[PDB]
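Undergrad: The deposited numbering puts the sequence shown at residues 845 to 1219, 1223 to 1339, 1350 to 1416.
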Amino acid sequence: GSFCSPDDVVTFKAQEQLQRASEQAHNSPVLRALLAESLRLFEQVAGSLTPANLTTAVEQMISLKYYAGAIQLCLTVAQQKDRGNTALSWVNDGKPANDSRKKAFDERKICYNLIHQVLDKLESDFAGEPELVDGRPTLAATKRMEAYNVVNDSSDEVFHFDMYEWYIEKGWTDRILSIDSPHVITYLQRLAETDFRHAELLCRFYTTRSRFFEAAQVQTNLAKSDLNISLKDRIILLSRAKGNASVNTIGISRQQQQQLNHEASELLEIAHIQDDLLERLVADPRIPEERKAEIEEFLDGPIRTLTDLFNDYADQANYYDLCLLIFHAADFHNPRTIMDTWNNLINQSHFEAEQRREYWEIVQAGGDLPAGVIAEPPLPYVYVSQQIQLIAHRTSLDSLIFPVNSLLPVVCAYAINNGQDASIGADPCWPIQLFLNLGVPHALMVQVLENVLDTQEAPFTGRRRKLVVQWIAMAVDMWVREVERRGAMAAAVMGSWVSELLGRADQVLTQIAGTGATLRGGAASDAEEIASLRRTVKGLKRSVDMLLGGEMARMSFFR
Ligand code: NA
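#1: State yes or no: is the C-beta of residue 1101 nearer than 7 Å to some heavy atom of the ligand NA?
#2: Among the residues of its own chain, which have a CB less than 6 Å from the CB of residue 1020, if the five just before and after it don't count?
#3: Taking 8 Å as the threshold (C-beta atoms), are residue 1091 and residue 1056 in contact?
#4: Mind checking which residues open and close the alpha helix (DSSP H) that includes residue 1084?
#5: So residue 870 is in the alpha helix (DSSP H); what residue range does that whole segment cover?
#6: To which residues does DSSP link residue 981 through a beta bridge?
#7: When the distance is taken between beta carbons, is residue 1228 closer than 8 Å to residue 1260?
#8: Quick one: is residue 1182 buried, meaning 16 or more other Cβ sit within 10 Å of its Cβ, or exposed?
#9: I think residue 1075 touches residue 1143, with their Cβ atoms under 8 Å apart; what is that distance to the nearest whole Å?
#10: Flag this pair as touching only if the stretch 1353-1360 and the stretch 1261-1281 have three or more C-beta atom pairs under 8 Å; answer yes or no.
#11: Among 1161, 1122, 1164, which residue has its Cα nearest to the Cα of residue 1147?
#12: Pairing CB atoms from the stretch 1246-1265 with CB atoms from the stretch 1294-1304, are three or more of them under 8 Å?
#13: Are there 16 or more other CB atoms within 10 angstroms of the CB of residue 1318, so buried, or fewer, so exposed?
#14: So the candidates are 1339, 860, 1363, 1294; which of them puts its Cα closest to the Cα of residue 1252?
#15: Out of curiosity, what's the CA-to-CA distance linking residue 1003 and residue 915?
#16: Is the stretch 1365-1379 touching the stretch 1305-1319 in the sense that three or more CB pairs, one from each, lie closer than 8 Å?
#17: Taking the CB atoms as reference points, tell me whether residue 1234 and residue 1285 lie closer together than 8 Å.
#18: Given the structure, does residue 920 come close to the ligand NA, in the sense that its CB is under 7 Å from one of the ligand's heavy atoms?
#19: In chain order, what residues have a CB nearer than 5 Å to some heavy atom of the ligand NA?
#20: Could you give the residue range of the alpha helix (DSSP H) that holds residue 1172?
#21: Looking at the structure shown, is residue 890 part of a helix, part of a strand, or coil, going by DSSP?
#22: For residue 1009, count the other beta carbons within 10 Å of its own beta carbon; 16 or more makes it buried, fewer makes it exposed. Which is it?
#23: What is the C-beta distance between residue 882 and residue 898, in whole angstroms, given that I count them as a contact (C-beta under 8 Å)?
#24: Return the Cβ separation of residue 1108 and residue 1149 in integer angstroms, given the expectation that the two are a contact with Cβ distance under 8 Å.
#25: Here's a check: name, in chain order, each residue in its chain whose Cβ is nearer than 7 Å to the Cβ of residue 1047, leaving out the five neighbours to either side.
#26: Between the Cα of residue 1406 and those of 1351, 1207, 1082, spot the shortest distance and give me the residue it belongs to.
#27: Can you give me the C-alpha to C-alpha distance between residue 1169 and residue 1117, rounded to a whole angstrom?
#28: Could you compute how far the alpha carbon of residue 1218 sits from the alpha carbon of residue 1395?
#29: Could you compute how far the alpha carbon of residue 1124 sits from the alpha carbon of residue 1186?
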């Protein structure tokens, strides 16, 4: 009638043109003409094309290596089924359900999916094909450029959003990070606090633009959020934020940087504690499986308070080393509880070391271990001091969990009351060696050891003060060596109280030897052992007396 029912007729001729193209021997002029004309006709009836006809057309074009043309049709169809951009406003309004723009967005999404298939089949068809042959570009390369041209030449905004999402999906950080546009940044800023993977992209854009503080802000908020993020992923986020806030970002005050770097440092300290707990609890043989699943639920997520970590987990499982790390992170002012925790950690470790040495002695004698016991483990005082070192390096000795005035006497007490001395082949001064190497200043050691010797608290009583004197001798000796070394150092404090202390020490030894000579059952065997200590103490009082007397102010002078 009204010639020639144009929309429904053109769509048929276009299918006829495309069918003849695929029936060809691929002689370029005829194949290009049929393809080019088929695309010409389909575009004229873009707004009317049904999803079934569009799919079959694209697939036929894909089969004939007409990638750019297929993409161009899909974009044209998308723009024609929605010339008012009802889809762009429906996305810009949060995609409210119950709305009738969903239809307009879906008709575009069918076109965008088909564009994914074109590009997918493109990289597949040319998998292994070189981009250059003999110097100039191949045919397979020019079709890749021609296709991706059509993509970057578009002004469809819902399309470019759908392509950012698609690049993210496929993992092509290659091509997305390489976009100058802010349009992609702005698109990420709205969904950054919605998904981890999107936030990570946003932070990459910030960092490469030297906007480190803004990335540290995104990462920190993401770690404090209630999104489904694992604890370890929250450790990475905080660790990155801590680094990014520690460096200058232009336009932002030093105060604002430090306050964020400090919040990220504290939360990272708590997170590591929580991770150490969760790992240990899951691996613990003495924990029932039923409970472990419950622990994994409450600890492999957002970071918990230090109270909960202590009460509900660290204290229940007697992980006293992590209790001490918790008292450090919390600035916990309570000397008595701290020392109670130190006492439990020492005793727990001693019993565990004794148990492992027993199992060993059974292997070396032929016996059988208890069922389910994995078969020369360190002496108990060695494993104990390993525990003290691991904590000290993690807390740095500046903590309130290292009050040397209380902790050194306790460790010395353990050594006496458990025979961790010469009987088993240990250095009797091992407690002093430990705290010196850890970096306790020499003056503070002698100061404590003096208080141990004056107050005579058990076990430091009677003739066991012989051992206290030996510790003082060893500490002062190292102190003297340190002063002599520091004097030679500066060529290229000690008071009279140290001298008095060595005099009293000599008196204690004279008293112990006398008491030892009149003991019931026979004289003491340590006669010459004490005579040796007397000589050492006198030698140290001599050295200290020379330093105090002027030789310390003349250490940088040539002799
Ligand atoms: Na700054």
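Backbone N, C-alpha and C fix where the C-beta goes; we use that ideal spot for every residue, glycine too.
TA: According to the structure shown:
#1: Reading the sequence shown from its first residue, position 257 is the one you call residue 1101. Because some heavy atom of the ligand NA lies under 7 Å away, the Cβ of residue 1101 counts as near it: yes.
#2: The residue given as residue 1020 occupies position 176 in the sequence shown. Once the five neighbours on either side are set aside, the close Cβ partners of residue 1020 are 1011.
#3: Residue mapping note: residue 1056 aligns to position 212 of the sequence shown, counting from 1. Residue mapping note: residue 1091 aligns to position 247 of the sequence shown, counting from 1. Taking 8 Å as the Cβ cut-off, residue 1056 and residue 1091 qualify as a contacting pair.
#4: Start at 1 with the first residue of the sequence shown, and residue 1084 comes out as number 240. Start and end: 1075-1089.
#5: If you number the sequence shown from 1, residue 870 lands on position 26. Taken as a continuous stretch (DSSP letters only), residue 870 belongs to no alpha helix (DSSP H), as it is neither H nor E.
#6: As a position in the sequence shown, residue 981 is number 137, starting the count at 1. BP columns for residue 981 point to 976.
#7: Residue 1260 sits at position 413 when you count from the first residue of the sequence shown. Residue 1228 sits at position 381 when you count from the first residue of the sequence shown. Against a cut-off of 8 Å, the Cβ pair of residue 1228 and residue 1260 comes out as no contact.
#8: In the sequence shown, residue 1182 corresponds to position 338, counting from 1. That one is buried.
#9: In the sequence shown, residue 1075 corresponds to position 231, counting from 1. In the sequence shown, residue 1143 corresponds to position 299, counting from 1. Right, their Cβ atoms sit about 7 Å apart.
#10: no
#11: Sequence index remark: in the sequence shown, residue 1147 carries index 303 (1-based). The shortest Cα separation from residue 1147 among 1161, 1122, 1164 belongs to 1122.
#12: yes
#13: In the sequence shown, residue 1318 corresponds to position 471, counting from 1. Classification of residue 1318: buried, given that the 10 Å Cβ count is 16 or more.
#14: In the sequence shown, counting from the first residue as 1, residue 1252 sits at position 405. It is 1294.
#15: Translated into the one-based positions of the sequence shown, residue 1003 becomes position 159. Translated into the one-based positions of the sequence shown, residue 915 becomes position 71. Cα-Cα distance, rounded: 12 Å.
#16: yes
#17: For the purposes of this step, residue 1234 is taken as the residue at position 387 of the sequence shown. For the purposes of this step, residue 1285 is taken as the residue at position 438 of the sequence shown. Contact flag unset, no.
#18: Start at 1 with the first residue of the sequence shown, and residue 920 comes out as number 76. Flag unset: Cβ of residue 920 not near the ligand NA.
#19: 1092, 1096
#20: Sequence index remark: in the sequence shown, residue 1172 carries index 328 (1-based). 1164-1173 is the extent of the alpha helix (DSSP H) around residue 1172.
#21: Taking the sequence shown and counting its residues from 1, the one referred to as residue 890 is at position 46. Three-state result, residue 890: helix.
#22: Working through the sequence shown from its first residue, we reach residue 1009 at position 165. It is exposed - the Cβ of residue 1009 has fewer than 16 other Cβ atoms within 10 Å.
#23: The residue given as residue 882 occupies position 38 in the sequence shown. The residue given as residue 898 occupies position 54 in the sequence shown. That pair is no contact at about 13 Å.
#24: Numbered from its first residue, the sequence shown carries residue 1108 at position 264. Numbered from its first residue, the sequence shown carries residue 1149 at position 305. Not really, about 17 Å apart at Cβ, beyond 8 Å.
#25: The residue labelled residue 1047 in the question sits at position 203 within the sequence shown. Excluding residues within five positions, the ones whose Cβ falls inside 7 Å are 1059, 1062, 1063.
#26: As a position in the sequence shown, residue 1406 is number 549, starting the count at 1. When only C-alpha atoms are compared, the closest one is 1351.
#27: Locating residue 1169 in the sequence shown gives position 325, counting from the first residue. Locating residue 1117 in the sequence shown gives position 273, counting from the first residue. So the alpha carbons of these two residues sit roughly 8 Å apart.
#28: In the sequence shown, counting from the first residue as 1, residue 1218 sits at position 374. In the sequence shown, counting from the first residue as 1, residue 1395 sits at position 538. C-alpha separation (whole angstroms): 52 Å.
#29: Taking the sequence shown and counting its residues from 1, the one referred to as residue 1124 is at position 280. Taking the sequence shown and counting its residues from 1, the one referred to as residue 1186 is at position 342. Approximately 19 Å, taken between the alpha carbons.
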